Amino acid sequence: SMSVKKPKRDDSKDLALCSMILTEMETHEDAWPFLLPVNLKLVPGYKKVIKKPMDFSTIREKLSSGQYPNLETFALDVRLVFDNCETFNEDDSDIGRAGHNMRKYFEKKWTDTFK
């Protein structure tokens, strides 16, 4: 509350470390469904169904231009990419499996880097 604060967690490396995580997600062999925005002209149903499209290139541009206020807003967008994937793709599909694999990969790096 006013003039009463928990000790200051060092957040000065968060930007760099989120960048490194994102690099590792970009270079994973199963990243291909997530590298670029879904083409809303060419994929029937996506625009109406997926209210907030998100992809790695869009996260990279937001990161690089100071559009994440903190490391949690960054994780929310990464998780959005996987939530959208599960919304639109059957579990038993190449893209559906890619999404589960990438979410696992992300969550481990996130815990190891920050928890």
# chains A, B, ... in the order shown; residues from 1 in each chain; ligands from 1
>>> residues_around(residues="residue A:64", least_positions_apart="3", cutoff="9 Å", atoms="only C-alpha atoms", output="VMD selection string")
chain A and resid 15 19 59 to 61 67
>>> residues_around(residues="residue A:72", least_positions_apart="4", cutoff="12 Å", atoms="only C-alpha atoms", output="ChimeraX atom specification")
/A:11,14-15,18,68,76-79,110,114
>>> write_last_selection(atoms="C-alpha atoms", output="CSV table (one decimal), in the first residue's frame")
chain,number,residue,atom,x,y,z
A,11,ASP,CA,13.5,-6.8,-13.9
A,14,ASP,CA,13.6,-9.2,-18.7
A,15,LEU,CA,13.6,-7.7,-22.2
A,18,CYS,CA,12.1,-12.7,-23.4
A,68,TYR,CA,5.1,-5.1,-23.7
A,76,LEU,CA,0.0,-13.8,-22.4
A,77,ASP,CA,0.6,-13.2,-26.2
A,78,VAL,CA,2.8,-16.3,-26.5
A,79,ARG,CA,0.0,-18.3,-24.8
A,110,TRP,CA,9.5,-19.7,-18.9
A,114,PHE,CA,11.9,-16.7,-14.3
>>> select_by_dssp(residues="stretch 12-115 of chain A", states="helix (DSSP H, G or I)", output="ChimeraX atom specification")
/A:14-27,46-49,56-64,71-88,94-114
>>> closest_residue(among="A:69, A:53, A:33, A:7", to="residue A:95", atoms="only C-alpha atoms")
A:33
>>> atom_distance(atom1="atom CA of residue A:3", atom2="atom CA of residue A:115")
27.0 Å
>>> closest_residue(among="A:55, A:49, A:82, A:23", to="residue A:97", atoms="only C-alpha atoms")
A:82
